[PDB]
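With the UniProt record's numbering as the guide, the letters of the sequence shown map in order to residues 9 to 41, 54 to 484.
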Amino acid sequence: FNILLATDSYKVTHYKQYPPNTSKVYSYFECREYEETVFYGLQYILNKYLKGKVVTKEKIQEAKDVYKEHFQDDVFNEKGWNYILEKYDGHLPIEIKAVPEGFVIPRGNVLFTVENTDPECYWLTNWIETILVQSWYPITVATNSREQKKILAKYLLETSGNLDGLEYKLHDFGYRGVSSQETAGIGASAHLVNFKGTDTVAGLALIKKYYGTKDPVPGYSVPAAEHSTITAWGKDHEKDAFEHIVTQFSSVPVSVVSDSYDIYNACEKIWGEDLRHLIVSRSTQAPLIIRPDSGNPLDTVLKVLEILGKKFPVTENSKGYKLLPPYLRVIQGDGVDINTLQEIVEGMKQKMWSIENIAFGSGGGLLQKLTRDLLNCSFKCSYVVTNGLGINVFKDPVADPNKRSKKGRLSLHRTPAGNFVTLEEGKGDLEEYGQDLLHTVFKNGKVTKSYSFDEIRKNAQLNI
Ligand SMILES: CCCc1cc(=O)[nH]c(Nc2ccccc2F)n1
Numbered sequence: 009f010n011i012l013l014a015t016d017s018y019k020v021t022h023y024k025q026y027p028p029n030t031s032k033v034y035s036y037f038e039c040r041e054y055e056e057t058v059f060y061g062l063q064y065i066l067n068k069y070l071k072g073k074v075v076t077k078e079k080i081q082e083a084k085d086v087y088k089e090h091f092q093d094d095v096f097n098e099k100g101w102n103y104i105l106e107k108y109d110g111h112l113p114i115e116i117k118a119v120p121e122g123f124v125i126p127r128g129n130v131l132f133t134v135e136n137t138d139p140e141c142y143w144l145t146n147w148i149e150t151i152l153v154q155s156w157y158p159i160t161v162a163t164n165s166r167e168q169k170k171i172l173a174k175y176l177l178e179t180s181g182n183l184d185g186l187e188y189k190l191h192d193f194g195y196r197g198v199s200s201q202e203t204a205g206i207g208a209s210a211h212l213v214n215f216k217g218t219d220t221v222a223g224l225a226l227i228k229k230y231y232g233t234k235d236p237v238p239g240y241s242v243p244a245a246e247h248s249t250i251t252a253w254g255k256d257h258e259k260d261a262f263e264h265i266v267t268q269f270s271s272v273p274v275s276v277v278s279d280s281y282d283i284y285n286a287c288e289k290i291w292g293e294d295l296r297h298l299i300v301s302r303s304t305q306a307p308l309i310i311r312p313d314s315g316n317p318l319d320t321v322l323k324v325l326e327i328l329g330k331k332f333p334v335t336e337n338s339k340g341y342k343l344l345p346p347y348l349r350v351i352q353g354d355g356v357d358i359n360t361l362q363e364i365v366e367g368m369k370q371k372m373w374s375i376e377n378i379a380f381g382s383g384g385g386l387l388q389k390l391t392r393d394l395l396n397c398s399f400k401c402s403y404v405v406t407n408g409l410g411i412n413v414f415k416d417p418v419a420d421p422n423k424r425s426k427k428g429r430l431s432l433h434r435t436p437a438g439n440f441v442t443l444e445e446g447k448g449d450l451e452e453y454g455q456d457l458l459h460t461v462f463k464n465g466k467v468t469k470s471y472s473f474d475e476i477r478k479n480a481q482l483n484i
């Protein structure tokens, strides 16, 4: 990894564009006015890419050679990068202040600030905008996942009277559905801030290495089938596939994809009749989990439950909601996103089915169908020191007031009613509010404050 080759190309030319005699460039990140966001991911970036000796004579030579061909001109700031190498042993003269990880902050608030600590490195602040702005992705995954936890919490409490097993209601199925191995690890770790169920194994190593838990692992899984392990038996032998799989995992929970040919036939005739004796004998700690995996997600879930409800002993819980026996459950993991998740639980409640009957799996909806525009994650310069004088800078495009940026030195505070406020123009210096919630997490190539994955999960908890 070479940080000199880890920026937007045009940023290579920006050192020549700042007003002459600029000693400071101060920038901040926000999720411009999903009312509140989970701040998560920055610590990974600081350790992986920004800390320690990030500049060497070889990295300067490599960047110089690439940029000469890429621009068909000499525009690369070799003197600037050589200054960092010689003065600071390749350590970045940068200071990063950030809200603690796991913190749930409303939109339009300062989340982190970036500034150079050496006047010669005025251009460095925004060189690292590209790398830091990528924090939009763990923030958006964590926020979107927590928003789904809110819907699940609401319907589970309404239909069962408690939140038992809530942390296992939304399982990460997204490993294949993401853009890369690195994305898989980041995205799966962001989902684990809110839930305990994951199939994206990559998230586990990321958490262990960069964050850490008291528990051996942050996430869990159970044995399960795929279309290949069912279909390999042959179309006429689907019952043999089902029987072999539940017998192999007779003492632990097991999920079986039952839609290879006919989901409704599998539920009513295979599970409901032919193999019913292998299901009713299962323990409460080892249920059979039936997975439908095609068709309209709501219509399939409702039809599956109605079939099962007629083949198996159904009870009525204390809230008046239908409950399948404890050895039988359902998992819907096809076409699941925040919108379809809301449709399914609402449809289930209307048909008097308890939410304890179902669990969800989400792949692309959880980890990939997200963009930087969803929470309007933005990095902008708010303050500059030129000719020894600090000036408050901002953008204010005529055609879009939403793109108006914050002015001057920023700080984050708790208001008297316990809400949040971002103070602009250095007004935090007048101690009218509390202590600034931003902490220095990075300074001069060193990580100065870190959080465990346990602290992050505690910070990101739902009020309930
Ligand atoms: C309940 C956790 C175990 C489980 C149950 C299940 O039916 N499927 C899976 N995983 C899965 C399915 C489709 C795509 C990608 C995936 F990782 N894991």
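Where is the CB? At the ideal position from N, CA and C, for every residue including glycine.
Tell me whether residue i counts as near ligand 1, meaning its Cβ is closer than 7 Å to at least one heavy atom of that ligand.
i      : result
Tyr195 : yes
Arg302 : no
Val242 : yes
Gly383 : yes
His191 : yes
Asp219 : yes
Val277 : yes
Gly353 : yes
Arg477 : no
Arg311 : yes
Answer yes or no: do residue i and residue j have a C-beta to C-beta separation smaller than 8 Å?
i          : j      : result
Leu344     : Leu328 : yes
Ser180     : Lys339 : yes
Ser374     : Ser402 : no
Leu482     : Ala210 : no
residue 47 : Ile283 : Missing from the coordinates: residue 47, inside the break in the chain from 41 to 54.
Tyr36      : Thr145 : no
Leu13      : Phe462 : no
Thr15      : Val95  : no
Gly205     : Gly239 : no
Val213     : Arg477 : yes
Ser165     : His90  : no
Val413     : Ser31  : no
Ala480     : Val198 : no
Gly292     : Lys255 : no
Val277     : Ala245 : yes
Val272     : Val242 : yes
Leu190     : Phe380 : yes
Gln352     : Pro317 : yes
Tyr23      : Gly100 : yes
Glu55      : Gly128 : no
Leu322     : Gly367 : yes
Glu115     : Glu135 : yes
Looking at ligand 2, does it come within less than 7 Å of residue i, judged from the CB to the closest heavy atom?
i      : result
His297 : Looking at this structure, you won't find ligand 2 anywhere; what it does contain is ligand 1.
Q) Do the segment 158–169 and the segment 339–350 touch if we need at least three Cβ pairs shorter than 8 Å? A) no
Q: Determine contact between the segment 465–479 and the segment 117–135, defined as no fewer than three beta-carbon pairs at a distance below 8 Å.
A: In short, these stretches touch, since the Cβ pair count reaches three.
Q. Fully enclosed by the segment 72–126, which beta strand (DSSP E) runs are 3 residues long or longer?
A. 114–118, 124–126
Q) Which whole runs of the alpha helix (DSSP H) in the segment 129–173 are 4 residues long or more, in chain order? A) 144–147, 149–153
Q: Spell out a yes or no on whether the segment 373–392 and the segment 181–196 are touching, meaning 3 or more CB-CB pairs, one atom from each, closer than 8 Å.
A: Touching, per the Cβ criterion.
Q. Would you call the segment 418–434 and the segment 447–464 touching, i.e. three or more CB-CB distances under 8 Å?
A. Contact check between the segment 418–434 and the segment 447–464: three or more CB pairs, one atom from each, fall below 8 Å, which counts as touching.
Q: Would you check if there are 3 or more beta carbon pairs closer than 8 Å linking the segment 106–120 to the segment 58–77?
A: A contact is defined here as three or more CB-CB pairs under 8 Å, and the segment 106–120 meets this definition with respect to the segment 58–77.
Q | the segment 259–266 / the segment 219–231 touching (three or more Cβ pairs under 8 Å) | A | no
Q.
Check whether the segment 72–89 and the segment 438–448 are in contact - that is, three or more C-beta pairs closer than 8 Å.
A. no
**Q.** Every unbroken alpha helix (DSSP H) inside the segment 215–290 [4 residues or more]
**A.** 222–230, 247–251, 258–268
Q.
Threshold first: 4 residues or longer. Then list the alpha helix (DSSP H) segments lying entirely within the segment 353–408, N to C.
A. 358–370, 384–387
Q | Inside the segment 416–445 only - beta strand (DSSP E) runs reaching at least 3 residues | A | 431–434, 440–443
(Q) What ranges does the beta strand (DSSP E) occupy inside the segment 285–350, keeping only unbroken runs of at least 3 residues that lie completely in it? (A) 308–311
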